[PDB]
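S.K.: Turn this into a model:
(chains A and B, ligands or ions: 4)
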Number of protein chains: 2
Amino acid sequence: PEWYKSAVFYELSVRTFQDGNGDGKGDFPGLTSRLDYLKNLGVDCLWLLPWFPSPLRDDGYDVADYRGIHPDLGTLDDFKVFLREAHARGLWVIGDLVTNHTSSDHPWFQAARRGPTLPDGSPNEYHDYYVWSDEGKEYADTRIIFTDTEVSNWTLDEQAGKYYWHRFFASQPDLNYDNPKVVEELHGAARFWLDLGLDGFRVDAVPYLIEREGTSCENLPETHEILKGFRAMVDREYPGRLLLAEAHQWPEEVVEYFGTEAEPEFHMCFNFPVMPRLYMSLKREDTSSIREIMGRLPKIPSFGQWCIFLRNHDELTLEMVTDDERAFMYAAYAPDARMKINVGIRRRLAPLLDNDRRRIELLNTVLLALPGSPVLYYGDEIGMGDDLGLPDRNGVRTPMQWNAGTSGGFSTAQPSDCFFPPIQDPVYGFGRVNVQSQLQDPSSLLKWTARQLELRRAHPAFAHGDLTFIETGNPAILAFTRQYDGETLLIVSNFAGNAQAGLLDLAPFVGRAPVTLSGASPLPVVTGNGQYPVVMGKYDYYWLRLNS
Amino acid sequence: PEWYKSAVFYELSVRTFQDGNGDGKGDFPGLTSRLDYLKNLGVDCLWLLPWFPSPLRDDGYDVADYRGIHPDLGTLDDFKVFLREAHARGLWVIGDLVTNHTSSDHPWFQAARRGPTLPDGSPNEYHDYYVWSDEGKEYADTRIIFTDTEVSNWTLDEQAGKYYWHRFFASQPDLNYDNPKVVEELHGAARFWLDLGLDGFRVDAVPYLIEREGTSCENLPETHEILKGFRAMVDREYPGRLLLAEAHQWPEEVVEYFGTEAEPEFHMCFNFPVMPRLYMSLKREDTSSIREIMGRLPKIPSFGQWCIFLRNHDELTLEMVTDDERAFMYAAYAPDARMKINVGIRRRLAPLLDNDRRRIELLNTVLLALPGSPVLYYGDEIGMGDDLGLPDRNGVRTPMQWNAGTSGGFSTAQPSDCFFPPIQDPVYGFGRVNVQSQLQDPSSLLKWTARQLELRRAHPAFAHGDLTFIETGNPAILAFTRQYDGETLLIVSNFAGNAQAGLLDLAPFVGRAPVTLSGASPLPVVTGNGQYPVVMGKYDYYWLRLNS
Ligand SMILES: [Ca+2]
Ligand SMILES: [Ca+2]
Ligand SMILES: [Mg+2]
Ligand SMILES: [Mg+2]
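M.R.: Residues are numbered from 1 along each chain as shown, chains lettered A, B, ... in the order given. Ligands and ions are numbered 1, 2, ... in the order given. Sure, the structure comes next:
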């Protein structure tokens, strides 16, 4: 009955989604002139990447002003228009709150490098906004996230004469949360956008706020306690608004970012731990990884909801699989050197799947049939490729391809003038892969996606239903139930590339009619001991309901 | 043992395939260059639409010189280099012998309409090359093939001042096969091209040579005599050349055109009867009508091979179905009255199936698993569309779409300057559908097609075996065996738009394992009464073997 539970999220980047000024970069008037596409696609809630003033050393995750609107994208007036227009269509909009760090260009860190005591004598209140060390020897058992760039997590600052902490890029100094004033600053940054009517934030790099000696400085308890404070605020001051976390960690630690009915934290976390096992299972044709990891997720509080996703603006991340699993995921999905960046693969959905529609359709149904609310990477619903010529994780962020005209419909600037080049190779280029062509293709991947979402939308068990795996006895075939209110769903997906047989244990269901959700065609009723034989085509999926 | 029984045929018009010189019209130089393409797609034999001198009032089926090359297409020297280059890759090439009629522009008719005796009393030995009535009353109990356009099968010749007979356009006066010089002329024309090394003929519209009073003037015994004489000449003089027949009739009548081992006619006949029911079975989600019509075919002579196809240069033809079958086909496949011509539907394959890969793939697997030798219609391997802006069945004959170059790569002439305008609409134009994009696209329909052709080669039972339908007990699901040397193929294919269960009668095959043709994936061993419960996804096809 929470709104975000039955929602369907869509992730996009105002700078890559739609130009409006012909400038080569997208803007909020560009995004605003396309809200009819998102609603009519079947999106409920837009998640927009960071839109704040930034030098874009990390595409806006180095925020320079938490209450502004990056010029490229237009004005705070523009932003308040877009919020009115999406709200009129019944779309929620959530932003990206970058709590762990700011840009080195931020007024705060510009002030901070002035040292602790000021020229006139007085305290320098911004010095302890950030995290300083004299020689940089604290925190030594901590992994470095941005592997192909950073070599320490401490950087020397010329003016300050001291060292400063950054879990990410050197130009992204970490904020010091033992500073009470810093917590009050973010609360103030949140309140500003939540007073303009934003429906919540997806919160970034949450596990890295506090760092302590003798720990990996991930998932610390005092970090969790900061986060409950946000939840505490937003619950009191904005009943309704949504906190959604990106906690890339192992299933045992991720669930804690929900934390407790009495001490609530996030409303939604991403189900990072299933998403690599999905790709893994396609190559091993062995879905067992999916169950093992799903079984390491303990129950989440009543308010809690999983955000299911396949790709996103970051790389496909192998930071939380075993050493062998990572070796395997590079071997199978990263044959080239260029394809890998810091423990991960910078490739979009369709290249990863050899542009196989069956496989794209397979993983999308699993994404819609796994428990939670699903998020869609922009462009992936028409089958966009990538540009591995672009540096660091940007090749998956090429601009939305809207038609076959200039620069894909994204701009009227020539492709070489756009912020990222719009893709125009023979396979995934906008002349072949574009939204106009797919609004008129009765069988386009666009129309299949939207049909799929109508199909999920008609069956509340997909959002709120429980989940129960059933044994099948063929590891290529994955099957499970979703029961909720009236109906019980039965979802059986073939993860292998040719016809597979399988013996489903439907013991608890003897005597039910299993029927197709698309048009109610009947299969045999379950009888005897409830071992239900099935054959599946290559990469098939059956979405079924069990009548009784 | 005969080469044509193992061949895969590719139908193509030179005038629309590849242009060599930028004059806007495809030619033999152009085609010669694309022979590596057909070779690699999996084609063995080229069937070339009429290349002869013609007014092109019926796309060159109105011939004005049997022993020459239409300027538009190149020289006779071009032709010889083409055959050298096509043979050098081990391809066969069959032409199109138009026996029943010539153009009104043909010298024989221009001589014929001079009348019976010349103004100098001497007698016109060219007048009864054709079929002359003084008032146009004979053969009144016959039908008008080109119903949409010709009002009568007699037309008044203003010059000779009497009626001549045509089954087709008034521009296509019928030849008079009761005059022995005509049969001589026709054999002589066949010998011209067979002397040049051409490998055979598709003989056009064979049911209509002889017209006889009081009859339906089709399938007369006298035409089969004429046709037997042709076969005799081939047999005796050029052994080993193919004769194929456009015999669009009812099944009991089509087999007559192979005519006995004692005195044979055609090596091959197109299986017109199964084609309409494939389309019909797919909208009716019921495959009865297929089994039905296949039984109505008698077994054919040893030499004979059936020739399956889905589409061709002509319309999808509905003359040989019941009127309620026609009422259904029109209502399901022609939602616009323009879409229907001459008791048929003039659309390409992909528009017909709504550009739906699973449906395009399903009918293509059936083409390849049904008994006989399959014909691909040019461009259908890439999912080409139709251009109804072009009159009379030319909407399916648009230029080949090779790349997204200026005219789709067909010509350097720009689109408005070609013979037919290359398709450029959003869904089917060369910007989106073309050979080059599909050569690089791992999952392209072109590639799926080369692999399936590849897999049909791995199993000689596909070209040479028998056909035996299995029970299934579900009209949607259609199953059958093909057996030939050691082996037994099992071809199960679903014709419904959603999952369907079945119960295959495989009692002849208890205790043996069905194994996947693609990946050698074994399925459970057949037990018990051999009744094999299965389930199929939407528009699926299971290609299997049943081992020793
Ligand atoms: Ca931190
Ligand atoms: Ca005739
Ligand atoms: Mg702009
Ligand atoms: Mg030419």
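
S.K.: only C-alpha atoms for contact and neighbour calcs from this point on.
M.R.: Will do.

S.K.: Using CSV, write down the CA coordinates of stretch A:357-377.
M.R.: Output of stretch A:357-377 as CSV, limited to C-alpha atoms (Å, rounded to 0.1, in the frame of the first residue of the first chain):
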residue,chain,number,x,y,z
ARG,A,357,16.2,-10.7,-27.9
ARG,A,358,15.3,-14.0,-26.3
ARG,A,359,17.9,-13.4,-23.7
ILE,A,360,17.0,-9.7,-23.2
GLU,A,361,13.4,-10.8,-22.8
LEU,A,362,14.4,-13.6,-20.4
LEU,A,363,16.3,-11.4,-18.0
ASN,A,364,13.6,-8.7,-18.2
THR,A,365,10.9,-11.1,-17.1
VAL,A,366,13.1,-12.3,-14.3
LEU,A,367,13.6,-8.6,-13.4
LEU,A,368,9.8,-8.2,-13.4
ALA,A,369,9.2,-11.5,-11.7
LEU,A,370,11.7,-11.2,-8.9
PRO,A,371,10.3,-9.7,-5.6
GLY,A,372,10.5,-5.9,-5.4
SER,A,373,10.1,-2.9,-7.7
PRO,A,374,12.2,-3.0,-10.9
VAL,A,375,14.3,-0.2,-12.3
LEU,A,376,15.1,0.2,-16.0
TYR,A,377,18.2,1.7,-17.4
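
S.K.: Now the residue of the stretch 51-200 of chain A found nearest chain B: closest residue in space, sequence neighbours ignored.
M.R.: At 28.3 Å from chain B, residue A:89 is the closest residue in the stretch 51-200 of chain A, using C-alpha to the nearest C-alpha. In space, and not counting its chain neighbours, residue A:89 is closest to residue A:39: 7.0 Å by C-alpha to C-alpha, 6 or more residues apart in numbering or on different chains.

S.K.: isn't that neighbour right next to residue A:93, touching?
M.R.: No - Residue A:39 lies out of contact with residue A:93 (C-alpha atoms under 8 Å); the separation is 11.9 Å.

S.K.: Those two: which has the busier surroundings?
M.R.: residue A:93 (22 against 16; other C-alpha atoms under 10 Å in any protein chain shown).

S.K.: Check which residues of stretch A:392-410 are buried.
M.R.: Across stretch A:392-410, burial judged by 16 or more other C-alpha atoms under 10 Å in any protein chain shown covers A:392-404, A:406-410.

S.K.: Dihedrals phi and psi, residue A:158?
M.R.: Torsion angles at residue A:158 (phi, psi; degrees, to the nearest 10) stand at phi -50, psi -60.

S.K.: the strands in the stretch 201-350 of chain A, which residues?
M.R.: A:242-245, A:268-270, A:305-309, A:316-317, A:344-345 (DSSP state E, counting those that start in this stretch).

S.K.: And the residue nearest to residue A:89, how far from ligand 2?
M.R.: The spacing between residue A:39 and ligand 2, counted by C-alpha to the ion, to the nearest Å, is 63 Å.

S.K.: show me what contacts that residue?
M.R.: A:89-91 (C-alpha atoms under 8 Å, 6 or more residues apart in numbering or on different chains).

S.K.: can you check residue A:145 too?
M.R.: Residue A:145 neighbours (C-alpha under 8 Å, 6+ apart): A:167-168, A:342.

S.K.: mind checking how far it is from residue A:319?
M.R.: 9 Å (C-alpha to C-alpha, to the nearest Å).

S.K.: circling back to that earlier point, so the residue nearest to residue A:89: helix, strand or coil?
M.R.: helix (DSSP: H, G, I helix; E, B strand; the rest coil).

S.K.: How about the stretch 201-350 of chain A: which residue is closest to ligand 1?
M.R.: residue A:209 (3.5 Å; C-alpha to the ion).

S.K.: who's in contact with that residue?
M.R.: Per C-alpha under 8 Å, 6+ apart, neighbours of residue A:209: A:99-100, A:174-177, A:223.

S.K.: Distance check, it against residue A:218.
M.R.: 8 Å.

S.K.: Spatially nearest residue to whichever residue of the stretch 301-450 of chain A sits closest to chain B (excluding sequence neighbours)?
M.R.: Nearest residue of the stretch 301-450 of chain A to chain B (C-alpha to the nearest C-alpha) works out as residue A:432 at 4.2 Å. The shortest distance from residue A:432 to any non-neighbouring residue, by C-alpha to C-alpha, 6+ apart, is to residue B:432 (4.2 Å).

S.K.: List the contacts of that neighbour.
M.R.: A:431-433, B:404, B:426.

S.K.: before we move on, what about residue A:301?
M.R.: Residue A:301 touches A:258-261, counting by C-alpha under 8 Å, 6+ apart.

S.K.: The residues you listed into TSV, with extra columns for distance to residue A:524 and neighbour count?
M.R.: Formatted as TSV, the contacts of residue A:301 follow (distance: C-alpha to C-alpha, whole Å; neighbours: other C-alpha atoms under 10 Å in any protein chain shown):
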residue	distance to residue A:524	neighbour count
A:258	42	26
A:259	44	20
A:260	44	16
A:261	43	12
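
S.K.: Can you tell me which of the residues you listed comes closest to residue A:358?
M.R.: residue A:258 (34.7 Å; C-alpha to C-alpha).

S.K.: how far away is the closest one from ligand 2?
M.R.: On the measure of C-alpha to the ion, residue A:258 and ligand 2 end up 84 Å apart.

S.K.: Quick check: that residue touching residue A:252?
M.R.: No - Residue A:258 lies out of contact with residue A:252 (C-alpha under 8 Å); the separation is 11.5 Å.

S.K.: coming back round to it: what helix or strand is the residue of the stretch 301-450 of chain A closest to chain B on?
M.R.: Under the criterion DSSP states H and E, no helix or strand holds residue A:432.

S.K.: Let me see the ranges of the strands in the stretch 401-548 of chain A.
M.R.: Under DSSP E, counting those that start in this stretch, the stretch 401-548 of chain A gives strands at A:468-470, A:477-483, A:488-494, A:500-505, A:513-516, A:531-536, A:541-547.

S.K.: Report the buried residues of the shortest one.
M.R.: Okay, so that is strand A:468-470. Judged by neighbour count using 16+ other C-alpha under 10 Å, the buried positions of strand A:468-470 are A:469-470.

S.K.: Output the contacting helices and strands for it.
M.R.: strand A:477-483 (3 or more C-alpha pairs under 8 Å, 6 or more residues apart in numbering or on different chains; DSSP states H and E).

S.K.: Output the strand it packs on as PDB, restricted to C-alpha atoms.
M.R.: Listed next in PDB are the C-alpha coordinates belonging to strand A:477-483 (Å, rounded to 0.1, in the frame of the first residue of the first chain):
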ATOM      1  CA  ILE A 477      15.200 -24.200 -15.400                       C
ATOM      2  CA  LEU A 478      14.500 -21.800 -12.600                       C
ATOM      3  CA  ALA A 479      11.000 -21.800 -11.100                       C
ATOM      4  CA  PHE A 480       9.300 -20.100  -8.100                       C
ATOM      5  CA  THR A 481       6.000 -19.000  -6.700                       C
ATOM      6  CA  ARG A 482       4.700 -15.600  -5.800                       C
ATOM      7  CA  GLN A 483       1.700 -15.800  -3.500                       C
END
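
S.K.: wait, what's in contact with residue A:547?
M.R.: Residues near residue A:547 by C-alpha under 8 Å, 6+ apart: A:487-488, A:512-515.

S.K.: same deal with residue A:203?
M.R.: Per C-alpha under 8 Å, 6+ apart, neighbours of residue A:203: A:96-99, A:243-246.

S.K.: Keep those, but drop any that are not near ligand 2.
M.R.: Contacts with ligand 2 are made by none of the contacts of residue A:203, judged by C-alpha under 5 Å from the ion.

S.K.: Kindly reformat those residues as TSV containing neighbour count.
M.R.: As requested, the contacts of residue A:203 are exported to TSV (neighbours: other C-alpha atoms under 10 Å in any protein chain shown):
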residue	neighbour count
A:96	20
A:97	27
A:98	22
A:99	23
A:243	24
A:244	28
A:245	27
A:246	20
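
S.K.: quick check, residue A:364 in a helix?
M.R.: Yes - counting by three-state DSSP, residue A:364 is part of a helix.
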